[PDB]
Amino acid sequence: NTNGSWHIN
Amino acid sequence: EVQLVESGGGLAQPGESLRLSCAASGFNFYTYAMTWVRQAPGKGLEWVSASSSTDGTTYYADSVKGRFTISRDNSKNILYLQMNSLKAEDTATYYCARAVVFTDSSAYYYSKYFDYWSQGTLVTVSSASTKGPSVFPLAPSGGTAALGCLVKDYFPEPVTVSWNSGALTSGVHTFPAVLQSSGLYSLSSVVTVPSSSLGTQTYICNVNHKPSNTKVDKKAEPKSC
Amino acid sequence: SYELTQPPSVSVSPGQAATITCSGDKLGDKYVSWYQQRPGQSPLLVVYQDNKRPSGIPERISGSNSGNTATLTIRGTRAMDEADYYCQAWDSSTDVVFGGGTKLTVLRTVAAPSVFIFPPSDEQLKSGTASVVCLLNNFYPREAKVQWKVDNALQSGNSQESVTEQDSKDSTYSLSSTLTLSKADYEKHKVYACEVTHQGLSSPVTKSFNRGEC
């Protein structure tokens, strides 16, 4: 998972 | 055991504010994005807002941007939703949900899902005032008899009804509320029972309208002679 | 602007497989999750990442996504499966996007309603209003007609009705109809009746009472 990040960039 | 308990909300005037809170336990809150999802009465699910786990980033549906603010406190395992400048379109059941966002090399590809949901809290946006209901017995003047309680003239929703303190669940029908032309809700709760149990078995409806702090126990029996 | 499309209703016989479709442009590369929402309850995750099943969800419920249509299939539908089902994905234009939802109806045999009438309580009568209630219990299909008669005069628009969701055990519906009158109007008549028409009834069924009479 993104480890709790909703969006990346 | 994953747990999400929502507080705040209820009734508010249009233009005013309300603040929702979501208390979390039984999981690693530090590794999860936390969200708000709402459902307008009788309508579908709509995503409202998200808070990322550690970087402080916040996300909103176009419908709520500028008016609503999500925030979290990892040190306290709590999610908040500050709802300013409330509108009639904001009237809905609000759920707080734990989200799962997945591992993508670049962006454009996303897997976001809500794996645990709170019970949900109703937010009513209206100029109408809180009113506690009246509780009247429903009793007959063959083999099966019907009994009930009419929960009349209340605002806002919701009301809950049990029978015999939860010991009577079979044959119970608690009807969806109807809004009367007065702008007040009314609902009925009924139970079918053998006719031979009347005046032998006591039947009592337990009504609760938490918004007005009304809690009533009403015996549903035929009129005495 | 991105939209997910669901049929507003799906009907299925018990023991049969129900198929709920979810449609959107370029759905192939998107990850679809499904939610079961039973009446008065929070949504429950039944499918995640197109076809994965959470722990606690029966083997009967499984997901699929092929081409531009996502599919939720429930093997051997039972009465407790009546619920609203939502598909959900993600798009750059909307972030989290949901389908409009699909109500799952369970197809059972015709069941005639049992009818009951309730006079207003003497207690409510002190408030200056009288509510007369008619109960149509455990019927299928949902369509039913309730007509209010006061001293044999057909009543128009002084009534409101409410229908329950399909019963989770027996797949029937129940309906309550409320007739509202002022205390003065109520006291001016003797016979209060509710007349019921339904597919399962070979003639109308009437339940009545005479005002006062214990």
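Every residue, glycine among them, receives a Cβ derived from its backbone with ideal geometry; neighbour counts consider all protein chains shown. Computed from the coordinates by the stated procedures, all read-outs in this text should not be read as laboratory data.
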Which one of the conditions (1) within 30 Å of B:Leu179 (Cα to Cα); (2) more than 10 Å from chain C (Cβ to nearest Cβ) does B:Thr69 fail to meet, given that it meets all the rest?
(1)
Taking region B:182-216 as the region of interest, how many residues are surrounded by fewer than 18 Cβ atoms within 10 Å (Cβ to Cβ), hydroxyl-bearing (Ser, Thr, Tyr) and over 16 Å from B:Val151 (Cα atoms)?
5
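Every residue, every condition in (1) more than 9 Å from chain C (Cβ to nearest Cβ); (2) of a type outside the set (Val, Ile, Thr), yes or no:
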site: B:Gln180; (1), (2): no, yes
site: B:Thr192; (1), (2): no, no
site: B:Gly199; (1), (2): yes, yes
site: B:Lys223; (1), (2): no, yes
If I go through region B:124-159 residue by residue, how many of them are of a type in the set (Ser, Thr, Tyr) and touching a helix residue (DSSP H, G or I) at 6+ places or on another chain (Cβ under 8 Å)?
5
Yes or no: region C:199-206 includes at least one residue that is closer than 15 Å to C:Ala112 by Cα, within 12 Å of chain B (Cβ to nearest Cβ), hydrophobic (A, V, I, L, M, F, W, C) and under 22 Å from the mean Cα position of the chain (by Cα).
no
Test each condition in (1) surrounded by 17 or more Cβ atoms within 10 Å (Cβ to Cβ); (2) assigned to a strand (DSSP E or B) for C:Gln160 and report the one that comes out false.
(1)
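β-branched (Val, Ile, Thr) and over 22 Å from C:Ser42 (Cα atoms) - does that describe any residue in region B:72-89?
No: zero hits.
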Enumerate the pairs (first residue in region C:32-43 and exposed (fewer than 15 other Cβ atoms within 10 Å of the Cβ); second residue anywhere and part of a loop (DSSP other than H, G, I, E, B)) with beta-carbon separation below 7 Å, excluding pairs fewer than 6 apart on the same chain, so at least 6 apart or on different chains.
C:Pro39/C:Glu165
If B:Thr54 satisfies all but one of (1) away from every other protein chain (no Cβ under 13 Å); (2) part of a loop (DSSP other than H, G, I, E, B), what's the number of the condition it fails?
(1)
Filter region C:93-123 down to the residues that are hydroxyl-bearing (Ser, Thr, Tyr) and outside any strand (DSSP E or B), then identify the one that is nearest to the other protein chains (Cβ to nearest Cβ).
C:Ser121
Any residue in region B:51-60 that is buried (at least 18 other Cβ atoms within 10 Å of the Cβ), in contact with a helix residue (DSSP H, G or I) (Cβ under 9 Å, 6 or more places away or on another chain), under 26 Å from C:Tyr35 (Cβ atoms) and of a type in the set (S, T, N, Q)?
yes
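With the condition being within 14 Å of chain B (Cβ to nearest Cβ) and of a type in the set (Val, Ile, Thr), I'd like the strands (runs of 3 or more DSSP E) fully within region C:1-92 carrying at least 2 qualifying residues.
C:44-47
Mind checking which residues of region C:165-181 are out of contact with any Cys (no Cβ under 6 Å at 6 or more places or on another chain) and crowded, with 18+ Cβ neighbours inside 10 Å?
C:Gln166, C:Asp167, C:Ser171, C:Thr172, C:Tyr173, C:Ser174, C:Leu175, C:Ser176, C:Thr178, C:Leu179, C:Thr180, C:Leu181, listed by residue number.
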Among (1) outside any strand (DSSP E or B); (2) in contact with a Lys or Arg (Cβ under 9 Å, 6 or more places away or on another chain), B:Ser63 falls short only on (2)
